[PDB]
Amino acid sequence: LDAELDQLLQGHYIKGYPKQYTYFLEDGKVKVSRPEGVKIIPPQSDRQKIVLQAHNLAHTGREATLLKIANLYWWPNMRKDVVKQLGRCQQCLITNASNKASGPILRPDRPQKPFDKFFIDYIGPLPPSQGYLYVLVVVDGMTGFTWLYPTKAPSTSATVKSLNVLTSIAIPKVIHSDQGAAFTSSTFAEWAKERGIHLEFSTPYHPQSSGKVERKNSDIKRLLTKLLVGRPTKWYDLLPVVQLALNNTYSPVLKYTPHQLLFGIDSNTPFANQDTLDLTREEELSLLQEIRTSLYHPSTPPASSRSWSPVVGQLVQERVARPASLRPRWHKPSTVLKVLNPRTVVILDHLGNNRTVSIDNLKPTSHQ
Amino acid sequence: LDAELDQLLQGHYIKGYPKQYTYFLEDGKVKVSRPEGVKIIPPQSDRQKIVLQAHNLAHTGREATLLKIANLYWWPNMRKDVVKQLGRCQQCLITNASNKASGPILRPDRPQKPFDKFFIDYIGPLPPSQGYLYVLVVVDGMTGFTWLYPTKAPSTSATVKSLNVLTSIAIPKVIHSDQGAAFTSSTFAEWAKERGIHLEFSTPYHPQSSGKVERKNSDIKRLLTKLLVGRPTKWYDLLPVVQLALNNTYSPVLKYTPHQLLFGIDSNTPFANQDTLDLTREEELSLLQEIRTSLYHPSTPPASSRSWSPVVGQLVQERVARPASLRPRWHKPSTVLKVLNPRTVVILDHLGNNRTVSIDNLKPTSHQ
Amino acid sequence: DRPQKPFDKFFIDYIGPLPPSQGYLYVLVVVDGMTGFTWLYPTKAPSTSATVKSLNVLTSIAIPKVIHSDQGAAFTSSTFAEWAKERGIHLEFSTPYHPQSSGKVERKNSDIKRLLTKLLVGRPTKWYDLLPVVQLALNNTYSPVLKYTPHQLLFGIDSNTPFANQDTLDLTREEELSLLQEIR
Amino acid sequence: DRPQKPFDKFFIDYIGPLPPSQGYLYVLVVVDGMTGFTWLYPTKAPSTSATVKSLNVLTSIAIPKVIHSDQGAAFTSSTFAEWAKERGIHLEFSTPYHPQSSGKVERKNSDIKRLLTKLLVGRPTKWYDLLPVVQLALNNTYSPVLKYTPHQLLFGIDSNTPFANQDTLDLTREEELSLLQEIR
DNA sequence: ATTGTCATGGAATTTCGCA
DNA sequence: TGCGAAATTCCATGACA
DNA sequence: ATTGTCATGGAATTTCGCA
DNA sequence: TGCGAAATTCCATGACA
Ligand SMILES: O=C1c2ccc(O)c(O)c2C(=O)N1Cc1cccc(Cl)c1F
Ligand SMILES: O=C1c2ccc(O)c(O)c2C(=O)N1Cc1cccc(Cl)c1F
Ligand SMILES: [Mg+2]
Ligand SMILES: [Mg+2]
Ligand SMILES: [Mg+2]
Ligand SMILES: [Mg+2]
Ligand SMILES: [Zn+2]
Ligand SMILES: [Zn+2]
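Right, here's the structure in full:
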């Protein structure tokens, strides 16, 4: 503070104050003639207060804060002090946006077999058709084969009714869902334990994680819309049609329809493929086993030039889910406990709980 | 049709049916042994019906439709017929998504002078503060200098009250706004003609066009949020503070605050810049004229690898504004009358009106 | 002549009336000829209407080239014919009083009747809820003649619910005793 | 000593009471010393409270180093002093009965009084709505002594509303006749 | 008849202090 | 005429009912 | 304790028919 | 062993409360 600046005025050299400048006194204050002009050099014991008043004018970041300070002051390594303050401003840390993108998305392996993994989800509310407002959508991971059920609500109870009917055909090893009320209930947990079905949940507020079924939702709405053009939106009666229509549609990249991936032979639908007319069912089935293993699988895309990837022990902040008007979009900083994979982490959260969270719902806390 | 295929069966060459294949008859139908298998060659008079039944199963695009047809049929240039049908399917054309991006954005020149152009807009509804729910935001194009007014509604009448107060300072040549109810009313038109102010409107549903003010809205909400952290959202009393705080904040790229761009000298606010303390006001003003003309101006970014740009007379479709559940997201095809600039067009619309529309609210009609 | 495939032929039939369960009285039985895969639908009557409603569910999953049946009223109605023609399904009838399927199918239909009976005793009223578990059972049952279950032939994979206990299917002395008493 | 700048000194004063217009009785007058730029605020009273409310609007646009005033009650109150101290504004008073500004300011204040009078005749009740147009007039008026209008000195540009008719500012024989009659 | 914008904080690049 | 560190500039990211 | 996906239609690239 | 055209494959774009 005053020891340093005293020591300076008498022309002896202090580390950080370049020797080639003349450091006078005037109006009771230490000054210096820098090429930009004459600036006051405050004592070190004053600096934090100054940086703070400058930052507080509009809660500005590094440069915009520095430019205020530089108007009146100079001292060695100003930005280090500015940055020290930014890293401690609660208000800035939880309100500002990130400017680092997520690391590139994972492309999980396709389930190996039909019934290994189901992805389920609700669409709706839709315009009321026959008293029905929602659709339960069930998508077999491996095949894409899809089942549709009209419900009155997206409830556990309507889920259970529908899946009792579906599972008459087969029991899946795993059912993946998002964290909707209907799937996370204890009743639904029981329903699945009762059948040796494992329940797997998306990280919260991250529908991409149910990508398989969400994407099928798009096709379902898109075909429903086309069929309803210029008619009243009476969709209930079309579910069966849409289900069958989609289950028998080719994926151009795969060259197979979901029905074919499931059964290895077309049923009596229009334009049935007849290429295995001469094989025995058994010959057919082992051609299907071959087709199933050799399907195109996409790869992890290039990282963007400014992504971040979570490191164990890093300070990171979870996005507020449904942030009120004029309230911060981020939670207080929290720590990465475990890196589950490069897009998924466990954090020690804003209360004191463990949360498994998508990297897309996180930012790295700025300034460390 | 039958002339062609008859002519063919007897082994004479028809253009389009390669000679090296054997074209027999069987079960009353013309067939051919192609490497993929034996396929029926329908008569030409049957083809449109076939392509149509195949397309109609799930309103599939080119490949997915072709793959159905190829299961049973072969003929010369199948995809040309498939594409002919896709270009005539109303339902597909108005429901499908585009897969061509817009051309790169324009960066309009900065207004030359303060008061040349105002950008105005509403923020809200906000949580009620003193009976107020909205904020009128007025941003001087050239300087960024911003005025804030709390209103009870985003009405013409509250706009006029506020602008009567603002224009006590100066009258702007132009006021740019979006097409909100408050700005498009005949009352507001009169209010502006009365003062020789020209009204300029954004293309509809395209807030980027009010980018100048929208961007300032972000800063306004962001500073309001920080100031309100852990307090009840009593924002009315902060407008003045926020206004002044922002008008005196540096833009790191410019190295000037909006107040400086407007007045060429800081007022008695904290950390006032003092570099022109020794110039006469007149010397100061011509330094300001110099500073104003030399400000950083950004440029049109690279086009994405798959953008389109409108050509006069092209078929294009305007995005439906607020599309009902299960209804098409696109309007019927319409024609580009005039290319106003490469991001703006006049089209002969879905009724019979002329509409000036942003390229971002258009897709090029597929298959021509 | 070409080998037999799944969806080549569905064999359908009604079983009932049964004691009412959740309002239902009958079971429409559909068995795929090639695989022996069974689907079961509860109905309120052996009518064309109930058949159509039920087959509309199934035929939105897969459509048979041929439906085979006895000359039941529901199946010989002209509505049922119109329905089938609409879906390009050929209808096929066994001559009256002489019901013929195929050994595989007959044996399957037998298993169904027996397994039903075994569970509608003790709880003659709770069968509606059990139809799912019955089908899984029937479809994960090993076939003597083929090396495979219907599940396996239909989907070309093992099942997550194998029924490793090829089961009794016969009535214990207790069940013969309270079934020969309840049906009196 | 350093040249004079805008915001160096604001000169403030009350004009009134006037006939009520939209509920208002007075005008707070603020004139920038360097430029002669004028801001006008209608108030209901010459109180510290009305002054503060009005200056809070102005000082959210720009803050003067110094406010100069006569020893009016509103300005010499300790609330008004607390207000100014809070904003780092030095307060400055002319000695009682001896009001001094600067020639530029005095002339400006004169123009304001005269131009007001000229418009509050015929419509002594509609002045509230006219305050905007008065300011534009005053601020786009050519200054004999400087080559420039206040607009130009404040913003360093020409204005989109120049008042090319350096105007009468004097009362026509009709207005002297119905002002020497209405004020009786 | 019109048209994106700019605070942000790591990283990349330049300039500074000294020799 | 060159080094290590500070300062400045660059610029992708994201949010403006 | 978990993780994006895939129809689409121009363009780029390969294959086909013929010589 | 090479050409012009058709066929196939590539892949950016955008939408799944
Ligand atoms: O925002 C939700 C959402 C929220 C909660 C749910 O339970 C749920 O099912 C959904 C849901 O489908 N989306 C749509 C969506 C938006 C953006 C990207 C993707 Cl992949 C996407 F599916
Ligand atoms: O969606 C609107 C909108 C709609 C209608 C209005 O009248 C209006 O003012 C706005 C508005 O501010 N946004 C927010 C917004 C969304 C996406 C991009 C940009 Cl630049 C952006 F400003
Ligand atoms: Mg959901
Ligand atoms: Mg969803
Ligand atoms: Mg708006
Ligand atoms: Mg807006
Ligand atoms: Zn802050
Ligand atoms: Zn279509």
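So the sequences go chain by chain: A, A', B and B'. A prime marks a further copy of an entry chain.
For the first sequence, the deposited numbering assigns the number 8 to the initial residue and increments by one for each residue that follows.
For the second sequence, the deposited numbering assigns the number 8 to the initial residue and increments by one for each residue that follows.
For the third sequence, the deposited numbering assigns the number 116 to the initial residue and increments by one for each residue that follows.
For the fourth sequence, the deposited numbering assigns the number 116 to the initial residue and increments by one for each residue that follows.
By construction, the Cβ of each residue, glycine as well, lies at the ideal position given by its N, Cα and C atoms.
- Per DSSP, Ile101/A is one residue of the alpha helix (DSSP H) stretching across 97-102.
- With respect to chain A', the C-beta atom of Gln250/B' has a partner C-beta closer than 8 Å.
- Taken atom to atom, the span from the alpha-carbon of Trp242/B' to that of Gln250/A' is near 28 Å.
- Ligand 2 never approaches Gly131/A' closely enough for any of its heavy atoms to be under 7 Å from the residue's Cβ.
- If you draw a 10 Å sphere on the C-beta of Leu155/A, you find 16 or more other C-beta atoms in it, and that means buried.
- The secondary-structure analysis by DSSP pairs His205/A' across a beta bridge with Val181/A'.
- In the structure shown, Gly218/A' adopts helical secondary structure according to DSSP, grouped into three states.
- At least one heavy atom of ligand 6 lies closer than 7 Å to the C-beta of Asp128/A'.
- Closer than 7 Å at the C-beta level to chain A', one finds these residues of the stretch 172-191 of chain B': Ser175, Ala177, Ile178, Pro179, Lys180.
- Its Cα nearest to that of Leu268/A, the residue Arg299/A stands out among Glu289/A, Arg299/A, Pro277/A.
- Within the stretch 108-128 of chain A, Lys120, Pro121, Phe122 place their CB atoms closer than 8 Å to a CB of chain B, listed in sequence order.
- Closest by C-alpha distance to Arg114/A, out of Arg313/A, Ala252/A, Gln215/A, is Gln215/A.
- No Cβ of chain A' is located within less than 8 Å of the beta carbon of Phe152/A.
- Beta-bridge partners assigned by DSSP to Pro157/A': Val142/A'.
- Distances from the CB of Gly218/A' to the heavy atoms of ligand 5 are all 7 Å or more.
- Take the alpha-carbon of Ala177/B and the one of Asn171/A: they are about 19 Å apart.
- Taken through DSSP and simplified to helix, strand or coil, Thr174/A comes out as coil.
- With contacts defined by Cβ atoms closer than 8 Å, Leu294/A' and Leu286/A' form a contacting pair.
- Under the 8 Å criterion on CB atoms, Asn224/B is classed as non-interfacial with respect to chain A.
- Look at the stretch 261-278 of chain A': the residues with a C-beta under 7 Å from a C-beta of chain B' are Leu269, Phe270, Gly271, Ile272, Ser274, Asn275, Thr276.
- When only Cα atoms are considered, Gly218/A' and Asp273/A end up about 54 Å apart.
- Placement of the Cβ of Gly187/A' at a distance of less than 7 Å from at least one heavy atom of ligand 5 is found.
- Identification of chain A residues near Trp242/A' by a Cβ-Cβ cut-off of 7 Å yields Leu333, ordered along the chain.
- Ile101/A is a Cβ neighbour of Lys339/A, given a cutoff of 8 Å.
- Of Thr150/B', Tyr141/B', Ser169/B', the smallest CA-CA separation from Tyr257/B' is found for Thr150/B'.
- Nearest C-alpha to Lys262/B among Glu289/A, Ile48/A, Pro121/A: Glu289/A.
- Proximity of the beta carbon of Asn224/A to ligand 4 is indicated: a heavy atom of the ligand is located closer than 7 Å.
- Under the DSSP assignment, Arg288/B' falls in the alpha helix (DSSP H) whose first and last residues are 288-297.
- Note that the C-beta distance between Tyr141/A and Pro161/A is below 8 Å.
- A straight-line Cα-Cα distance of about 22 Å links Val167/A' and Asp244/A'.
- Listed by position along chain A', the residues whose Cβ is nearer than 8 Å to that of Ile227/B' form an empty set, because the closest Cβ is around 14 Å away.
- At least one heavy atom of ligand 1 lies less than 7 Å from the C-beta of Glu221/A.
- Per DSSP, the continuous alpha helix (DSSP H) segment holding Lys75/A' begins and ends at 69-79.
- Bridge pairing for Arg326/A: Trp337/A [DSSP].
- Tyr129/B' is bridged by DSSP to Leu143/B'.
- Here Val323/A' is actually not in contact with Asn224/A'; their C-beta atoms are around 30 Å apart, not less than 8 Å.
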